[PDB]
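4 protein chains.
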Amino acid sequence: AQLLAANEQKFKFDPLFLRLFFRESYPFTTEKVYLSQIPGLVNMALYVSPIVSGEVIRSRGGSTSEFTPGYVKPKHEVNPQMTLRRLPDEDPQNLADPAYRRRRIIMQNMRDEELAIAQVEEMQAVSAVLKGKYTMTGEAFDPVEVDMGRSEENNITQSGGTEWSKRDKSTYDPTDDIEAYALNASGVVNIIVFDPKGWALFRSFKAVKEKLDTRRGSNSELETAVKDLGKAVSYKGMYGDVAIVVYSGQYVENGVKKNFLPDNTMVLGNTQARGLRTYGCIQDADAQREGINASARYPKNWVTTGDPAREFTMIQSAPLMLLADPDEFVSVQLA
Amino acid sequence: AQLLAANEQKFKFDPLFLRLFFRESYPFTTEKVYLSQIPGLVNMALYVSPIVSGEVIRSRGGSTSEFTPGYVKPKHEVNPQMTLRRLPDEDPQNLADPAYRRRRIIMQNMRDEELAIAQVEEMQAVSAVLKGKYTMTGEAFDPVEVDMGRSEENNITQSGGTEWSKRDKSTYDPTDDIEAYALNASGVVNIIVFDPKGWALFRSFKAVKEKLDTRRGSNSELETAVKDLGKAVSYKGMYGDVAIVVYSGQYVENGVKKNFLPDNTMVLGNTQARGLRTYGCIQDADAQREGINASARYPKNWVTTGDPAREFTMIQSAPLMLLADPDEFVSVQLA
Amino acid sequence: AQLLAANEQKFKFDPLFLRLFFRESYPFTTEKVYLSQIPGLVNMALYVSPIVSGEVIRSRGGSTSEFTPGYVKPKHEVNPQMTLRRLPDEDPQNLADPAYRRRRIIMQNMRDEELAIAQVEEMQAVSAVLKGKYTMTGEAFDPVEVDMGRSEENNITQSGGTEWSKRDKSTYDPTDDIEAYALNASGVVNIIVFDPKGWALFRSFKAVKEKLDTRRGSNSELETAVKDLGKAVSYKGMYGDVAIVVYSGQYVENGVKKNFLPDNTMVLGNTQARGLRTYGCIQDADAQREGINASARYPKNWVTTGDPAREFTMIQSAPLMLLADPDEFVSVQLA
Amino acid sequence: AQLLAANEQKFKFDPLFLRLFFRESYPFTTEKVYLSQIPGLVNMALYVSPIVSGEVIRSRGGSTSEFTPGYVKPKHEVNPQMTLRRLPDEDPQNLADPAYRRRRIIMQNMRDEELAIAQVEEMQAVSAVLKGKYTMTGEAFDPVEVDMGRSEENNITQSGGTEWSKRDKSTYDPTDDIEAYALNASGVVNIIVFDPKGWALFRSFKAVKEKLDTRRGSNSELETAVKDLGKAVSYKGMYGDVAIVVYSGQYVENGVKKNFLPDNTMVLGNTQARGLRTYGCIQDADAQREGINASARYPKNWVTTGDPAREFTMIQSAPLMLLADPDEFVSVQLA
């Protein structure tokens, strides 16, 4: 089999949601997840007298600090009969050799599984911060639930009483509503991510159009993040002070492609949230043997024999995408 | 006779279907096509507990997996009498040289080849997503049928009771019908590309002409494909949760021109639908001598004697365009 | 006289009707034009057996292929007695040199004369696409008609029925007319070039002025060439998916300026429509000595004797501007 | 322990007040602070005939001097159970070394307290321009009052018969009121920074927005100073010759957050009001041995034994934020 040095990818293609909010990462050197080792938040400076005395600042993790990592393994085989993807500038001559055949099919595999698992971290992250509730299920795996701690005030539903659809599209101005929903944000909002369907009814108001900024985009280096993964990510401009973005992310279910977000559901928050990327240990003999259990991903390959006389490649991971303050976002359930 | 390295075209102008749905390309080293050897989709990551070895991710093959490749292979003469388009001020002195003249004309002939063989791919693709049913038959070749796997739910007719022509252009709203049609689409729908005439009656609906968003700065990099194929693709604007495109493309048979699409039709579809570009082996006696059996196209310069004492240039290929999920679209014929 | 190589102009300033639609040039070595010699159209494909050899495909499509090239030859004398535009700070004493001044005026004489033949090409193009016929008559030259093949269903007059004049400029939407004239286009329309006063009444329409996307630097790249020769061409901007421009240039007759277009006229065209820049031959024995019988423009310098005791400079060329499709554009007589 | 020179911070993160009002800094070489040692302001010329030497100008400044600064001092442990944040593209090979990990942890700590220290002089300035009174209290602190010399008209609250909340939200013009507030400013008013909840009331008047120039780019230098504080500060627009800022930064007490400003409050001043940044001696026996008694901050690292057997990192300073003219700002408590 190919050795562990066969990890030559160094590509950062996380679709817009591991990049805007959870920029950091905290691998663990323990099987569970403890918030005690999390640095947490800074505190005051505590006015005190001169050198007469002095006391130590000690940072707690709160009360609940136990979590179960979302450990998972995708498996692939290296059957040297699979049809190779017709990449451009690819000579069939140096493809006839089975040596290149194998080393390319294994790598194409490698990519498709981190793509799948990356879809998975994004799915769990959006599940966590879409309403503050979060869950962990799967066949051949015990069901697990996790409470982020979101306040009831940050899950407003538009359907109740005053919707957005049955108002006048020419006079009803949504600045009042967006400000009334951004006041209870525990922080000034600057990212106003929309959904492909919900954006239409929001933009339908003509009062929106004129005030909208569209001159090339003038927010920040966020444009660089947007134009890279521009397929499911669309950028319009400025709402006068804040960024207007529509996310149309997709994930592959058993056999159906499904949107990342429910249609008429909006997210409101900051561009600099504090989001956790905790990981569990790599519960296997070899990684412990090289002591690399504290990592995001683990590739490894072998040839197993006897009943399955075939060769297999694994990726192991254990995410628990987490947010420090669930209340720096509000979920608008539009209708 | 000129060598096999006379294939310098680098023209990537597939007309709107190989580039939007059929981004996935696959040659074979075998005569026929075997559906089992396509890697297929990648499922989510389905979760497993870290106590048991996981389940092997395998591409599940369908009931029918063996079809007949679409061998098509035209040629042309290279009589050094053909006129030349005047390249701008590249030393017209060499135009007198027949050696440079034939060398110039061969690229033009091969470009004619490429544009001619592009059309068979797109007429196969349009048949695929208009019916999921495909017939490849012609003179000096046996009839061939490919049943892609479409269901009847994706071929509903506007003539089934109430028709848009048999409605009111002023008060009736066709949107509800649009979501009704997209219901049995087996996934996300964001392109409902119309016919050149099939939209003129659609736009007559009053609700349409304000609900459509004709403003620029539209959905995504999608519109760049419009700037490439600017001869037959118009982008009418945004319809909310879906884009609107009108395609007036035409293919040219022996002497006359014909539209690709019927007069009143539309398709319920996704921009992420995966399309297969499988290519059969080059059944050329020479080709096997160089191990070039696996490719997309195949040129050759050759000299004929005795009865047709001229020399020719040849292009051979075998497109058998296929779709992963035929039922991802819904073909509504309008009335 | 001067060397024949003294032709250093290379400052192509074709007035937007040779750089928009007539990018393709086709000089001949035959004194007449043979339209069947131009490649033109080539048909789709055939389904052939992989074994039996396919038949050669020929290049037909043109039946009438005979026309008379547009020969014109202006000329000028070189007497060193004119008044010269004193360029900034280059000639302290060089103005005294007769040869230097002679070469300067010869260069200036050329720079002056190419404008005349540019005007001829421009009127050829506009006479082609404003009414679909062509007439070619000049004193000391025979009259001759050129038939493009334009159908009358591209020469609709707005006066027919209810024109824009007896129409509301605040409530009525002229777009309905726009598609009411764009259906018979044989290709997607994105050029709607207007006349100054013709667009003036068009601009009066309200629906235009809220739909007129005037924002500069549009996604269209035609304006990159527009600012070059902007002396007589404006750029209105976008009208959704289409590009609106106004042209108001004038050709100089023997003593005055004259607008190319009749006041109330407008056009419908596609951004990449194919137009022919075919040129006739140089029926000059002196030119034919060097085998320059196939060229674009031909200079000459030579000293006259006996009756007009002077020195002359010849510029001779035979443009016979043609189109791939005569009915592709639609010319509507505004009202 | 670590050397004192290990002070690799180089970060300028002053929260909107030390970076705009208190640019000048004046450390003290004595334990207490004497206000009378500020440089002060200078008279006109003392016009004099050029025959006799004049009197020497001496600037003293203020009368009261005997103030005493607060002596906060954060101290922290470096217990190597710290789960290090996984730096991107960092090799886990260095993760093995305890020394590298310890150095990383201490550098993370230094940032931790440098965020912990900025807040105290932040609300020092907040209290400075809120009423001009400054009370500093706390356990083991001997609370001290500080009188900056403010008048009462600098603290007018809108509490009369008519308030911004209980009048017309359409016809009332807030200008006359804002100049009524800014007339007694002892200078040109330039900053009208808002508390977001108060701004919610302010923007309710439309007469704001038909004159609100919220163009991107405040003055081309304010954004050069405020973009770094992307979490707490926001810039609205121009009210003509003046700027509008909304600040919602929060200082966190032992367990919860709290906003710096009182909710329905706003303040008026100028961008050039000079503010003192006086600091005091660092009463560290080591500091006297290294001659650094006069400084802003002081790092330290040492290894204790026996009772708290650990090793600790230490910071201590003496902030007594001051403004030259307390009356240069007026505080309106909105209602």
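Protein chains in written order, with PDB author numbering: chain B, 7 to 341; chain A, 7 to 341; chain F, 7 to 341; chain C, 7 to 341.
Each residue gets a CB set at the ideal place from its N, CA and C atoms; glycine is no exception.
Legend entry - Minimum C-alpha distance to F/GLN322 - residue among F/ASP331, F/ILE298, F/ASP174, F/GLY312: For the purposes of this step, residue 322 of chain F is taken as the residue at position 316 of the third sequence. Of the listed residues, the one whose Cα sits closest to F/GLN322 is F/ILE298.
Inset, instruction - Output the distance between the C-alpha atoms of C/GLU83 and C/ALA105, rounded to the nearest integer angstrom. - result: Taking the fourth sequence and counting its residues from 1, the one referred to as residue 83 of chain C is at position 77. Taking the fourth sequence and counting its residues from 1, the one referred to as residue 105 of chain C is at position 99. Cα atoms of C/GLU83 and C/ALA105: separation of roughly 15 Å, rounded to the nearest angstrom.
Inset, instruction - Answer with yes or no whether the minimum CB distance from B/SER55 to chain C is below 7 Å. - result: Your numbering for residue 55 of chain B matches position 49 in the first sequence. Taking a beta-carbon distance threshold of 7 Å, B/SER55 counts as an interface residue toward chain C.
Inset, instruction - Within the same chain, show all residues whose beta-carbon is closer than 8 Å to that of C/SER165, passing over the 5 residues directly before and after it, in chain order. - result: Walking along the fourth sequence from the start, residue 165 of chain C turns up at place 159. A distance below 8 Å between beta-carbons, with the five flanking residues on each side excluded, links C/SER165 to the following residues of its chain, in chain order: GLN339, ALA341.
Inset, instruction - Using the Cα positions of A/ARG92 and F/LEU41, report the straight-line distance between them to the nearest angstrom. - result: Here residue 92 of chain A refers to the residue found at position 86 of the second sequence. Here residue 41 of chain F refers to the residue found at position 35 of the third sequence. Rounded to whole angstroms, the separation of the alpha carbons of F/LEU41 and A/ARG92 is 15 Å.
Inset, instruction - Give, in chain order, every residue of the stretch 109–121 of chain A whose Cβ lies closer than 8 Å to some Cβ of chain F. - result: The stretch 109–121 of chain A vs chain F, Cβ under 8 Å: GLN114, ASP118, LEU121.
Legend entry - Under 8 Å from the C-beta of A/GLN294: neighbouring residues of chain F: As a first step, residue 294 of chain A is located in the second sequence; it is residue number 288 there, counting from the start. Residues of chain F passing the Cβ test: none, with the nearest at roughly 13 Å.
Inset, instruction - State the beta-bridge partners of C/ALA249 as determined by DSSP. - result: Here residue 249 of chain C refers to the residue found at position 243 when the fourth sequence is read from its first residue. DSSP, once it has assigned bridges, lists C/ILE197, C/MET244 as partnering C/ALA249.
Legend entry - Interfacial residues, the stretch 54–82 of chain A to chain F, with Cβ spacing under 7 Å: Of all residues in the stretch 54–82 of chain A, the ones placed with a Cβ closer than 7 Å to any Cβ belonging to chain F are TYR77, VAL78, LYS79, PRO80, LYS81, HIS82, in chain order.
Legend entry - Short Cβ contact (7 Å threshold) for C/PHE266 with C/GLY255: By one-based count along the fourth sequence, residue 266 of chain C stands at place 260. By one-based count along the fourth sequence, residue 255 of chain C stands at place 249. Against a cut-off of 7 Å, the Cβ pair of C/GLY255 and C/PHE266 comes out as a contact.
Inset, instruction - Would you decide whether F/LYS215 is buried or exposed? Buried here means 16 or more other CB atoms lie within 10 Å of its CB. - result: Start at 1 with the first residue of the third sequence, and residue 215 of chain F comes out as number 209. Classification for F/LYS215: exposed.
Legend entry - Option nearest F/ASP247 by Cα separation, candidates F/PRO75, F/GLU185, F/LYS175, F/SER133: Here residue 247 of chain F corresponds to residue number 241 of the third sequence, with the count starting at 1. Of the candidates F/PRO75, F/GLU185, F/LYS175, F/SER133, F/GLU185 places its Cα closest to the Cα of F/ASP247.
Inset, instruction - Identify every residue that forms a DSSP beta bridge with C/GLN339. - result: Position 333 of the fourth sequence, counted from the first residue, corresponds to residue 339 of chain C. Listed as beta-bridge partners of C/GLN339 by DSSP are C/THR163, C/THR271.
Inset, instruction - Using beta-carbon positions only, say whether B/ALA146 and A/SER59 come within less than 7 Å of one another. - result: In the first sequence, the residue the question calls residue 146 of chain B occupies position 140. In the second sequence, the residue the question calls residue 59 of chain A occupies position 53. The Cβ-Cβ distance between B/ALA146 and A/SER59 does not fall below 7 Å.
Inset, instruction - Determine which residues share a DSSP beta bridge with F/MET142 and list them. - result: Residue 142 of chain F sits at position 136 when you count from the first residue of the third sequence. Note: F/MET142 sits in a beta bridge opposite F/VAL150.
Legend entry - Cβ-Cβ distance between C/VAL252 and C/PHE208 below 7 Å: As a first step, residue 252 of chain C is located in the fourth sequence; it is residue number 246 there, counting from the start. As a first step, residue 208 of chain C is located in the fourth sequence; it is residue number 202 there, counting from the start. Against a cut-off of 7 Å, the Cβ pair of C/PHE208 and C/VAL252 comes out as no contact.
Inset, instruction - Would you kindly check if the distance between the Cβ of F/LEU47 and the Cβ of F/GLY68 is under 7 Å? - result: The residue given as residue 68 of chain F occupies position 62 in the third sequence. The residue given as residue 47 of chain F occupies position 41 in the third sequence. Not in contact: F/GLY68 and F/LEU47 (Cβ atoms no closer than 7 Å).
Inset, instruction - To the nearest angstrom, report how far apart B/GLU96 and B/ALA102 are at their CA atoms. - result: On the first sequence, residue 96 of chain B is found 90 positions in, with the first residue counted as 1. On the first sequence, residue 102 of chain B is found 96 positions in, with the first residue counted as 1. About 11 Å.
Legend entry - Beta-carbon spacing of A/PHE23, A/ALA131 below 7 Å: On the second sequence, position 17 is the one that residue 23 of chain A refers to. On the second sequence, position 125 is the one that residue 131 of chain A refers to. In contact: A/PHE23 and A/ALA131 (Cβ atoms closer than 7 Å).
Inset, instruction - To the nearest angstrom, report how far apart B/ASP118 and B/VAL309 are at their CA atoms. - result: On the first sequence, position 112 is the one that residue 118 of chain B refers to. On the first sequence, position 303 is the one that residue 309 of chain B refers to. If you take the alpha carbons of B/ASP118 and B/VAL309, they lie about 20 Å apart.
Inset, instruction - Spell out whether any CB of chain A is found under 7 Å from the CB atom of F/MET50. - result: If you number the third sequence from 1, residue 50 of chain F lands on position 44. Among the residues facing chain A, F/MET50 is included, as its CB has a counterpart in that chain under 7 Å away.
Inset, instruction - In angstroms with no decimal places, state the Cα-to-Cα distance between C/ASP290 and C/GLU259. - result: Translated into positions along the fourth sequence, residue 290 of chain C becomes position 284. Translated into positions along the fourth sequence, residue 259 of chain C becomes position 253. Going from the Cα of C/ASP290 to the Cα of C/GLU259 covers about 28 Å.
Inset, instruction - Give the secondary structure of C/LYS263 by DSSP, where H, G and I count as helix, E and B as strand, and everything else as coil. - result: Position 257 of the fourth sequence, counting from 1, holds the residue named residue 263 of chain C. Strand, per DSSP.
Inset, instruction - Starting from the Cα of B/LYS18, find the closest Cα among B/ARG29, B/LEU10, B/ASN276 and give me that residue. - result: Within the first sequence, the letter at position 12 stands for residue 18 of chain B. Measuring from the Cα of B/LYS18, the nearest candidate turns out to be B/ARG29.
Inset, instruction - Quick one: list the residues of chain E neighbouring B/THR168, beta-carbon separation under 8 Å, in chain order. - result: Of the protein chains in the structure, B, A, F and C, none is chain E.
Inset, instruction - Spatial neighbours of F/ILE250 within its chain, please: CB distance less than 6 Å, with the 5 preceding and 5 following residues excluded, ordered by chain position. - result: Here residue 250 of chain F refers to the residue found at position 244 of the third sequence. Short of 6 Å from the beta carbon of F/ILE250, and not among the five residues preceding or following it, lie these beta carbons of its own chain, in chain order: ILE198, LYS242.
Inset, instruction - Identify the contact partners of A/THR220 in chain F, using a Cβ-Cβ distance below 8 Å as the criterion. - result: If you number the second sequence from 1, residue 220 of chain A lands on position 214. Ordered by position in chain F, the residues that pass the 8 Å Cβ test against A/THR220 are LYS217, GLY246, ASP247.
Inset, instruction - For C/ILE197, go through chain B and note every residue whose CB falls closer than 8 Å to its CB, in chain order. - result: Taking the first residue of the fourth sequence as position 1, residue 197 of chain C is located at position 191. Those within 8 Å of C/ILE197 in chain B number zero; the least Cβ separation is about 17 Å.
Legend entry - A/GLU119 - containing beta strand (DSSP E), residue span: As a working note, residue 119 of chain A is residue 113 in the second sequence. In the DSSP annotation of this structure, A/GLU119 is not part of any beta strand (DSSP E); the continuous alpha helix (DSSP H) holding it starts and ends at 104–137.
Inset, instruction - Tell me whether C/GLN8 sits in a helix, a strand or coil according to DSSP, three-state version. - result: Sequence index remark: in the fourth sequence, residue 8 of chain C carries index 2 (1-based). Residue state, collapsed to three classes: coil.
Inset, instruction - May I have the straight-line CA-CA distance separating A/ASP179 from F/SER226, to the nearest angstrom? - result: Against the second sequence, residue 179 of chain A aligns to sequence position 173. Against the third sequence, residue 226 of chain F aligns to sequence position 220. Across the structure, A/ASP179 and F/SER226 are spaced so that their CA atoms are roughly 33 Å apart.
Legend entry - Coarse secondary structure for C/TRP205, derived from DSSP in three states: Start at 1 with the first residue of the fourth sequence, and residue 205 of chain C comes out as number 199. Residue state, collapsed to three classes: helix.
Inset, instruction - Under 8 Å between beta-carbons, which chain F residues line up against A/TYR106? List them in chain order, please. - result: Within the second sequence, residue 106 of chain A is the residue found at index 100, counting from 1. The contacting residues do not exist; A/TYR106 stays about 15 Å from chain F at best.
Legend entry - For A/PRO332, three-class secondary structure by DSSP: For this step, residue 332 of chain A is matched to residue 326 along the second sequence. Of the three classes helix, strand and coil, the one that applies to A/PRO332 here is helix, per DSSP.
Inset, instruction - Output the residue ranges of the alpha helix (DSSP H) runs that lie fully inside the stretch 274–302 of chain A and measure 4 residues or longer, sorted by chain position. - result: Listed in chain order, there is nothing to give.
Legend entry - Beta-ladder partner(s) of A/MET320, from DSSP: In the second sequence, the residue the question calls residue 320 of chain A occupies position 314. Looking at the DSSP assignment, A/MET320 forms a beta bridge with A/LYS81, A/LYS306.
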